[PDB]
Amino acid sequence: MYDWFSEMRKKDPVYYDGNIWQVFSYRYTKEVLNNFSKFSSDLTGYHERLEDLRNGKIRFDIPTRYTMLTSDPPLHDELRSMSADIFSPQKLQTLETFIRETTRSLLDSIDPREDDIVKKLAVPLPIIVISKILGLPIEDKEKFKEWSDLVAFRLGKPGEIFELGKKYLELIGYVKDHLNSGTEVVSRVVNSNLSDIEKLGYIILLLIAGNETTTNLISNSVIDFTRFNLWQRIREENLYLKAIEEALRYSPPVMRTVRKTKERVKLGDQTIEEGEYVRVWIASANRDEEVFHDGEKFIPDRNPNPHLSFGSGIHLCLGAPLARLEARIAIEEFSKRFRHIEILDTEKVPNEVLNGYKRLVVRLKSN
(Lines of atoms letter the chains of each structure in order from A and count residues from 1; the text may use other names and numbers.)
(Lines give C-alpha, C1' and ligand atoms only; values in the text may rest on other atoms or scores of the structure.)
Protein backbone atom coordinates (compact mmCIF):
# COMPACT_ATOMS: atom_id res chain seq x y z
CA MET A 1 0.00 0.00 0.00
CA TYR A 2 2.99 2.22 0.66
CA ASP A 3 3.85 2.04 -3.06
CA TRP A 4 0.67 3.92 -3.95
CA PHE A 5 1.24 6.33 -1.05
CA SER A 6 4.57 7.33 -2.56
CA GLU A 7 3.12 8.10 -5.92
CA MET A 8 0.14 10.03 -4.54
CA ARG A 9 2.49 12.05 -2.32
CA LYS A 10 4.51 13.10 -5.37
CA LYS A 11 1.69 13.56 -7.94
CA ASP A 12 -1.43 14.37 -5.92
CA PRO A 13 -1.30 14.78 -2.12
CA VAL A 14 -4.83 16.19 -1.92
CA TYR A 15 -7.02 14.01 -4.07
CA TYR A 16 -10.73 13.83 -4.91
CA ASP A 17 -11.79 10.48 -6.32
CA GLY A 18 -15.36 11.54 -7.07
CA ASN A 19 -16.55 10.32 -3.65
CA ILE A 20 -14.45 11.73 -0.80
CA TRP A 21 -11.29 13.74 -0.32
CA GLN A 22 -7.98 12.08 0.58
CA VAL A 23 -4.79 13.58 1.98
CA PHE A 24 -1.35 11.98 1.70
CA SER A 25 1.36 14.45 2.67
CA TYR A 26 2.46 15.40 6.17
CA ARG A 27 1.76 19.13 5.83
CA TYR A 28 -1.85 18.86 4.73
CA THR A 29 -2.52 15.94 7.08
CA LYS A 30 -1.28 17.90 10.09
CA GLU A 31 -3.32 20.92 9.17
CA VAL A 32 -6.57 18.93 8.79
CA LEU A 33 -6.02 17.30 12.21
CA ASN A 34 -5.18 20.56 13.99
CA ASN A 35 -7.67 23.00 12.50
CA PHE A 36 -10.71 21.93 14.53
CA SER A 37 -12.64 25.02 13.47
CA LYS A 38 -12.58 24.12 9.78
CA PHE A 39 -12.30 20.32 10.06
CA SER A 40 -14.97 18.84 12.36
CA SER A 41 -14.95 15.52 14.26
CA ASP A 42 -18.75 15.73 14.78
CA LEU A 43 -19.58 12.89 12.36
CA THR A 44 -22.49 11.39 14.35
CA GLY A 45 -24.37 14.63 15.11
CA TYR A 46 -23.31 14.66 18.78
CA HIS A 47 -23.49 18.46 19.13
CA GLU A 48 -26.76 18.62 17.23
CA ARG A 49 -28.34 16.05 19.66
CA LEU A 50 -26.68 17.12 22.90
CA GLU A 51 -29.65 18.94 24.41
CA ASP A 52 -32.16 16.17 23.53
CA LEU A 53 -29.84 13.50 24.94
CA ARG A 54 -29.59 15.39 28.24
CA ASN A 55 -33.25 16.37 28.58
CA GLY A 56 -34.51 12.85 27.80
CA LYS A 57 -36.20 13.51 24.43
CA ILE A 58 -33.92 10.90 22.89
CA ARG A 59 -34.66 7.70 24.77
CA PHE A 60 -32.68 5.23 22.62
CA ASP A 61 -29.49 5.55 20.53
CA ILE A 62 -26.09 3.85 20.07
CA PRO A 63 -23.98 4.97 23.06
CA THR A 64 -20.63 4.86 21.24
CA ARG A 65 -21.78 7.50 18.73
CA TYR A 66 -21.64 10.12 21.46
CA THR A 67 -18.13 10.23 22.88
CA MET A 68 -15.25 12.66 22.89
CA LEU A 69 -13.88 11.03 19.73
CA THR A 70 -16.72 12.47 17.69
CA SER A 71 -17.04 15.98 19.13
CA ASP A 72 -15.63 19.48 18.78
CA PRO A 73 -14.83 22.14 21.34
CA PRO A 74 -16.07 22.98 23.85
CA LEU A 75 -17.91 19.67 24.30
CA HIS A 76 -14.81 17.66 23.47
CA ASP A 77 -12.62 19.53 25.96
CA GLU A 78 -15.32 19.15 28.59
CA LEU A 79 -15.60 15.38 28.07
CA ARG A 80 -11.84 14.84 27.91
CA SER A 81 -11.00 16.90 30.98
CA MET A 82 -12.78 14.24 33.08
CA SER A 83 -10.10 11.57 32.55
CA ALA A 84 -7.04 13.40 31.20
CA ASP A 85 -5.25 13.27 34.56
CA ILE A 86 -5.58 9.45 34.82
CA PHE A 87 -3.90 8.86 31.42
CA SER A 88 -1.08 11.36 31.87
CA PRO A 89 2.55 10.07 32.16
CA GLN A 90 2.89 11.38 35.71
CA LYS A 91 -0.01 9.27 37.07
CA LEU A 92 0.59 6.19 34.93
CA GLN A 93 4.13 5.71 36.21
CA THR A 94 2.46 4.20 39.30
CA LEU A 95 1.56 1.23 37.16
CA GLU A 96 5.00 0.34 35.77
CA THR A 97 5.37 -2.47 38.34
CA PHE A 98 1.97 -4.03 37.59
CA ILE A 99 2.58 -4.01 33.86
CA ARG A 100 6.09 -5.48 34.26
CA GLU A 101 4.87 -8.36 36.43
CA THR A 102 1.88 -9.01 34.23
CA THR A 103 4.18 -9.07 31.20
CA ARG A 104 6.53 -11.59 32.84
CA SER A 105 3.62 -13.71 34.05
CA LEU A 106 2.51 -13.85 30.40
CA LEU A 107 5.95 -14.58 28.92
CA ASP A 108 5.90 -17.70 31.17
CA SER A 109 2.89 -19.31 29.46
CA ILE A 110 4.76 -19.14 26.13
CA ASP A 111 6.06 -22.42 24.68
CA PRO A 112 9.34 -21.57 22.94
CA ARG A 113 9.25 -24.60 20.60
CA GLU A 114 6.18 -23.09 18.91
CA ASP A 115 3.72 -20.43 20.04
CA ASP A 116 1.53 -17.53 18.89
CA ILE A 117 2.79 -14.35 20.60
CA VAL A 118 -0.34 -12.49 19.50
CA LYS A 119 -2.47 -14.95 21.52
CA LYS A 120 -0.17 -15.31 24.56
CA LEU A 121 1.21 -11.80 24.92
CA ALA A 122 -0.09 -9.06 22.58
CA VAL A 123 -3.85 -9.58 23.07
CA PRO A 124 -4.05 -10.24 26.84
CA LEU A 125 -1.67 -7.50 27.99
CA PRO A 126 -3.73 -4.41 27.02
CA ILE A 127 -6.95 -6.03 28.24
CA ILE A 128 -5.53 -6.78 31.67
CA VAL A 129 -4.11 -3.30 32.18
CA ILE A 130 -7.17 -1.28 31.13
CA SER A 131 -9.28 -3.51 33.35
CA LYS A 132 -7.02 -2.65 36.31
CA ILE A 133 -7.18 1.06 35.55
CA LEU A 134 -10.94 1.06 35.21
CA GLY A 135 -11.69 -1.28 38.08
CA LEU A 136 -13.80 -3.53 35.84
CA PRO A 137 -13.29 -7.28 36.42
CA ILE A 138 -12.47 -9.69 33.58
CA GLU A 139 -15.37 -12.08 34.24
CA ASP A 140 -15.07 -13.91 30.95
CA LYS A 141 -11.56 -13.79 29.42
CA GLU A 142 -13.17 -14.81 26.12
CA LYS A 143 -15.88 -12.13 25.86
CA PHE A 144 -13.33 -9.38 26.47
CA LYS A 145 -11.37 -10.61 23.44
CA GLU A 146 -14.61 -10.69 21.45
CA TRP A 147 -15.80 -7.25 22.56
CA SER A 148 -12.34 -5.83 21.82
CA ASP A 149 -12.83 -7.15 18.27
CA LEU A 150 -16.09 -5.26 17.73
CA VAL A 151 -13.88 -2.28 16.93
CA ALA A 152 -13.69 -1.78 13.14
CA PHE A 153 -14.06 0.54 10.16
CA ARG A 154 -17.72 0.44 9.19
CA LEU A 155 -18.35 1.39 5.55
CA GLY A 156 -21.07 4.01 5.07
CA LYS A 157 -21.20 4.86 8.81
CA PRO A 158 -18.38 7.44 9.24
CA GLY A 159 -17.27 7.97 12.84
CA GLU A 160 -18.83 4.67 13.92
CA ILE A 161 -16.08 2.26 15.01
CA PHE A 162 -18.16 -0.43 16.72
CA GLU A 163 -19.89 -3.34 15.01
CA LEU A 164 -23.35 -3.77 16.49
CA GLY A 165 -25.53 -6.88 17.11
CA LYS A 166 -25.99 -9.19 20.10
CA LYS A 167 -22.34 -9.16 21.07
CA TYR A 168 -22.69 -5.36 21.39
CA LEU A 169 -25.82 -5.58 23.56
CA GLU A 170 -23.89 -7.90 25.89
CA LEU A 171 -21.12 -5.31 26.23
CA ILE A 172 -23.70 -2.69 27.19
CA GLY A 173 -25.33 -5.03 29.69
CA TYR A 174 -21.99 -5.94 31.26
CA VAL A 175 -21.18 -2.26 31.69
CA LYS A 176 -24.48 -1.36 33.37
CA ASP A 177 -23.93 -4.29 35.76
CA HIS A 178 -20.53 -2.98 36.91
CA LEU A 179 -21.10 0.80 36.92
CA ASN A 180 -20.93 0.92 40.68
CA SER A 181 -17.77 -1.15 40.97
CA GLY A 182 -15.35 1.17 39.23
CA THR A 183 -12.31 3.22 40.12
CA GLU A 184 -11.94 6.99 40.28
CA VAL A 185 -12.36 7.67 36.53
CA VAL A 186 -15.57 5.60 36.40
CA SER A 187 -17.08 7.44 39.43
CA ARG A 188 -16.44 10.79 37.77
CA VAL A 189 -18.30 9.79 34.61
CA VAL A 190 -21.16 8.16 36.56
CA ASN A 191 -21.73 11.16 38.85
CA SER A 192 -21.46 13.70 36.05
CA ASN A 193 -24.40 15.46 34.40
CA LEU A 194 -24.04 13.42 31.16
CA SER A 195 -26.96 11.44 29.79
CA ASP A 196 -26.89 7.70 30.47
CA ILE A 197 -26.30 7.17 26.78
CA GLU A 198 -23.12 9.31 26.97
CA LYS A 199 -21.94 7.63 30.16
CA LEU A 200 -22.10 4.19 28.56
CA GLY A 201 -20.40 5.63 25.51
CA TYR A 202 -17.64 7.18 27.62
CA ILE A 203 -16.85 3.97 29.53
CA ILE A 204 -17.10 1.65 26.54
CA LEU A 205 -14.77 3.90 24.62
CA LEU A 206 -12.10 3.73 27.36
CA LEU A 207 -12.63 0.02 28.08
CA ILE A 208 -12.52 -1.25 24.52
CA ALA A 209 -11.32 1.18 21.85
CA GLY A 210 -7.64 1.01 22.77
CA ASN A 211 -7.14 -2.76 23.06
CA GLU A 212 -6.67 -4.03 19.54
CA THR A 213 -4.64 -0.92 18.55
CA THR A 214 -2.13 -1.60 21.32
CA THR A 215 -2.02 -5.32 20.59
CA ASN A 216 -1.06 -4.29 17.08
CA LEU A 217 1.69 -1.94 18.22
CA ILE A 218 3.24 -4.81 20.12
CA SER A 219 2.98 -7.29 17.21
CA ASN A 220 4.15 -4.82 14.58
CA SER A 221 7.12 -4.11 16.81
CA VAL A 222 8.08 -7.77 17.11
CA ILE A 223 7.76 -8.23 13.36
CA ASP A 224 9.75 -5.16 12.35
CA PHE A 225 12.61 -5.77 14.80
CA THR A 226 12.90 -9.36 13.56
CA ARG A 227 12.72 -8.71 9.82
CA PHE A 228 15.31 -5.95 9.88
CA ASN A 229 17.33 -7.88 12.46
CA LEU A 230 17.63 -5.25 15.15
CA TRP A 231 16.95 -7.29 18.26
CA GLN A 232 20.46 -7.06 19.66
CA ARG A 233 21.40 -3.60 18.44
CA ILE A 234 18.23 -2.34 20.13
CA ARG A 235 19.29 -4.04 23.33
CA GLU A 236 23.04 -3.50 23.43
CA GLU A 237 22.54 0.16 22.54
CA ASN A 238 19.36 0.44 24.69
CA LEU A 239 17.04 1.81 21.97
CA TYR A 240 13.60 0.65 23.17
CA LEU A 241 12.06 4.12 23.23
CA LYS A 242 13.25 5.42 19.92
CA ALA A 243 12.82 1.98 18.32
CA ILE A 244 9.20 1.78 19.41
CA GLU A 245 8.61 5.30 18.13
CA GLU A 246 9.97 4.05 14.83
CA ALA A 247 7.66 1.03 14.79
CA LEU A 248 4.87 3.56 15.41
CA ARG A 249 5.99 5.73 12.48
CA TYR A 250 6.73 2.87 10.07
CA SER A 251 3.93 0.44 10.95
CA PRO A 252 1.12 2.57 12.35
CA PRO A 253 -1.71 0.52 14.04
CA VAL A 254 -4.25 3.11 12.83
CA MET A 255 -3.67 3.91 9.12
CA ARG A 256 -6.06 6.75 8.56
CA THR A 257 -8.78 8.82 10.16
CA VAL A 258 -11.50 11.15 8.87
CA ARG A 259 -12.93 14.71 9.25
CA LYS A 260 -15.88 16.60 7.80
CA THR A 261 -15.54 20.24 6.62
CA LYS A 262 -17.44 22.97 8.53
CA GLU A 263 -17.09 25.45 5.70
CA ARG A 264 -15.57 25.88 2.24
CA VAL A 265 -11.77 25.55 2.69
CA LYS A 266 -8.59 25.68 0.65
CA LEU A 267 -6.12 22.89 1.15
CA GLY A 268 -3.06 23.25 -1.05
CA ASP A 269 -4.55 24.39 -4.35
CA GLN A 270 -7.69 22.34 -3.98
CA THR A 271 -11.05 23.72 -2.88
CA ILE A 272 -13.05 21.43 -0.66
CA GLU A 273 -16.72 22.31 -0.40
CA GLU A 274 -18.38 22.65 2.96
CA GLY A 275 -19.81 19.28 4.06
CA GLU A 276 -17.23 17.00 2.39
CA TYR A 277 -15.51 14.07 4.09
CA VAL A 278 -11.75 14.27 4.29
CA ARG A 279 -9.82 11.08 4.75
CA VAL A 280 -6.42 11.63 6.23
CA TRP A 281 -3.79 8.96 5.58
CA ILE A 282 -1.62 8.93 8.70
CA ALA A 283 0.45 6.07 7.28
CA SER A 284 1.43 7.95 4.12
CA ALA A 285 2.12 11.16 6.03
CA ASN A 286 4.43 9.18 8.29
CA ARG A 287 6.79 8.70 5.34
CA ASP A 288 6.63 12.14 3.68
CA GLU A 289 10.22 12.75 2.57
CA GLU A 290 9.96 16.50 3.27
CA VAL A 291 9.98 15.73 7.02
CA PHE A 292 11.60 12.33 7.41
CA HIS A 293 14.96 11.85 5.66
CA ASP A 294 14.96 8.30 4.14
CA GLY A 295 11.30 7.75 4.94
CA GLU A 296 11.13 4.22 3.60
CA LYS A 297 14.01 2.96 5.73
CA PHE A 298 13.39 1.72 9.25
CA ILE A 299 15.92 3.56 11.48
CA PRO A 300 15.73 2.43 15.12
CA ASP A 301 17.44 5.53 16.60
CA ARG A 302 15.68 8.06 14.35
CA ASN A 303 15.56 11.60 15.64
CA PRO A 304 13.63 13.78 15.50
CA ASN A 305 10.56 11.52 15.01
CA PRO A 306 7.40 13.68 14.86
CA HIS A 307 5.03 11.00 13.53
CA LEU A 308 1.24 11.28 13.48
CA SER A 309 0.43 7.72 14.58
CA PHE A 310 -1.35 9.05 17.67
CA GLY A 311 -2.85 11.93 15.72
CA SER A 312 -2.31 15.62 16.42
CA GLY A 313 -4.19 18.55 17.91
CA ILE A 314 -7.03 18.33 20.42
CA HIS A 315 -7.81 14.64 19.68
CA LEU A 316 -4.24 13.43 20.15
CA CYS A 317 -4.64 9.95 21.57
CA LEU A 318 -5.73 10.04 25.21
CA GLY A 319 -4.09 6.62 25.59
CA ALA A 320 -0.76 7.47 23.95
CA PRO A 321 1.28 7.45 27.22
CA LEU A 322 -0.36 4.20 28.27
CA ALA A 323 0.29 2.58 24.86
CA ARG A 324 3.95 3.66 24.83
CA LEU A 325 4.43 2.33 28.36
CA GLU A 326 2.80 -1.07 27.71
CA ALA A 327 4.67 -1.52 24.44
CA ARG A 328 8.02 -0.57 25.85
CA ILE A 329 7.85 -2.84 28.88
CA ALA A 330 6.54 -5.75 26.84
CA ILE A 331 9.35 -5.44 24.28
CA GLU A 332 12.08 -5.08 26.97
CA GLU A 333 10.92 -8.16 28.92
CA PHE A 334 10.55 -10.18 25.72
CA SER A 335 13.96 -8.96 24.57
CA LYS A 336 15.74 -10.04 27.74
CA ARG A 337 13.99 -13.42 27.95
CA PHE A 338 14.62 -14.63 24.34
CA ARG A 339 17.54 -14.02 21.98
CA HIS A 340 16.79 -15.89 18.80
CA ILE A 341 13.44 -15.50 17.13
CA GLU A 342 12.16 -17.36 14.08
CA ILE A 343 8.90 -16.39 12.37
CA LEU A 344 7.00 -19.50 11.28
CA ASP A 345 3.62 -18.14 10.20
CA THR A 346 1.64 -14.91 10.07
CA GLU A 347 -1.94 -13.84 9.54
CA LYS A 348 -2.54 -10.09 9.01
CA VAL A 349 -5.63 -8.37 10.26
CA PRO A 350 -7.60 -8.40 7.03
CA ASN A 351 -9.32 -4.99 7.22
CA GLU A 352 -8.35 -1.53 6.13
CA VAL A 353 -7.94 1.00 8.91
CA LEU A 354 -6.45 -1.30 11.54
CA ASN A 355 -2.98 -2.61 10.85
CA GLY A 356 -1.73 -5.64 12.78
CA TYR A 357 -1.69 -9.43 13.09
CA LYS A 358 -4.23 -11.99 14.19
CA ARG A 359 -1.56 -14.68 14.46
CA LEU A 360 2.19 -14.46 14.84
CA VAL A 361 3.63 -17.94 15.30
CA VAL A 362 7.28 -18.01 16.35
CA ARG A 363 9.96 -20.29 17.70
CA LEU A 364 12.22 -18.85 20.37
CA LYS A 365 15.58 -19.42 22.03
CA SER A 366 15.30 -18.58 25.77
CA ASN A 367 17.92 -17.41 28.33
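Whichever C-alpha set is largest while still superposing within 1.5 Å between the two forms counts as the rigid core. From 1 onward, residues are counted along the sequence shown.
Which of 153-161 and 79-87 lies farther, on average, from the shown form in 7 other deposited structures of this protein once the rigid core is superposed (C-alpha RMS)?
This comes out as 153-161, the stretch further from the shown form in 7 other deposited structures of this protein.
Divergent stretch in 7 other deposited structures of this protein, 255-263 or 133-141 [C-alpha RMS, superposed by the core]
Stretch with the higher C-alpha RMS distance in 7 other deposited structures of this protein: 133-141.
Can you tell me whether 219-227 has a higher mean C-alpha B factor than 136-144 in this record, or the other way round?
Here the higher of the two C-alpha B-factor means belongs to 136-144.
Pick between 288-296 and 204-212: the one whose mean CA B-factor in the entry is higher.
Mean CA B-factor is higher for 288-296.
Compare the CA B factors listed in the entry for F334, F310, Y46, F36 and report the winner.
Out of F334, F310, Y46, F36, the record gives the largest C-alpha B-factor to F334.
Whose CA atom has the top B-factor in the entry, of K266, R249, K260, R80?
If I rank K266, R249, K260, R80 by C-alpha B-factor, first place goes to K266.
Within-chain third of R302 by Cα B-factor, per the entry:
It belongs to the highest third of the chain when residues are ordered by C-alpha B-factor.
Should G356 be placed in the lowest, middle or highest third of its chain by the C-alpha B factor in the entry?
Tercile = lowest for this residue's CA B-factor.
CA B-factor ranking of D85, expressed as a third of its chain:
CA B-factor rank for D85: lowest third.
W281 CA temperature factor, ranked by third within the chain
Its C-alpha B-factor, which the entry lists for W281, ranks in the lowest third among residues of this chain.
By the record's CA B-factor, is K119 among the lowest, middle or highest third of residues in the chain?
As the PDB entry reports it, the C-alpha B-factor of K119 lands in the middle third of its chain.
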